[PDB]
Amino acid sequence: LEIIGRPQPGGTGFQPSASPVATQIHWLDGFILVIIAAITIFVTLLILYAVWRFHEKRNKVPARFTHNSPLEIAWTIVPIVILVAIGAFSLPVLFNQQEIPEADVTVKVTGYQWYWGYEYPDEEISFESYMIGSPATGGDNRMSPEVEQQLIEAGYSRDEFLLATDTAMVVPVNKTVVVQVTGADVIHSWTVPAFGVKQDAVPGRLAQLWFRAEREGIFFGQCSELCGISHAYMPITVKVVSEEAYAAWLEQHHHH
């Protein structure tokens, strides 16, 4: 499988999109970025111009005005218009994100100190997912020859250290996945940048997110609410596969 949902050296953009929701985030952010880069350049060029034009050597006698009504009206309404425009594109995207559709696949995720537990209630599958290199796999949260070997064996490389887990959450491509997220002990947060999803895993609460992956591959997230000593060391691996490979993975877990 292709490693897609990961940071890339020196990157300045988002991680690749692999869901319709992530696509929407990329578009909305790109739209707002144009606007705020325009606002910033504007403000910056005004300051630099004013300093050049009205420097004490060039403008020896200062003006005394403290009002300009048409300008004050313009500079109040224009921001209001800008925000209404943003909100108009932004709220539909928000509604799409947060309205949970009917699930093809249901996964229940539980955050623990410091690992994730996955249950597929329809399939009677459950398992735990530890960072490769955590105490669970024989390590102590650092790279070493043994850890590199384990990364290789699991189908990764040393570059995926801190991202790759011993087990992965496997799902089929082009299906609606609904994830129910909770915490077992403290608050954790479950996320996959490539899917445009993040949801805190709060003890006592069950919260839902959805995604539909649009291509096969490997996608990583990392725990996103400080949860103690190994917060930096309990990541998330999702493998998106064909319907048939997903079924094959399911049958591998079936006890006869």
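Just count from 1 along the sequence shown to find any residue number.
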Of the two stretches 37-45 and 224-232, which shows the higher Cα B-factor on average in the entry?
37-45
Looking at the entry, does 51-59 or 188-196 show the higher mean C-alpha B-factor?
51-59
From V81, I132, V181, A168, pick the one with the largest CA B-factor in the entry?
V81
Maximum C-alpha temperature factor, selected from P92, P145, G139, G111:
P92
Ranking every modelled residue in this chain by its Cα temperature factor as given in the entry, which third contains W116?
lowest
In terms of the CA temperature factor given in the entry, to which third of its chain does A85 belong: lowest, middle or highest?
highest
Select lowest, middle or highest to describe the third in which the CA B-factor of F161 falls within its chain in this entry.
lowest
Which third of the chain does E123 land in by C-alpha B-factor: lowest, middle or highest?
middle
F211 CA temperature factor, ranked by third within the chain:
middle
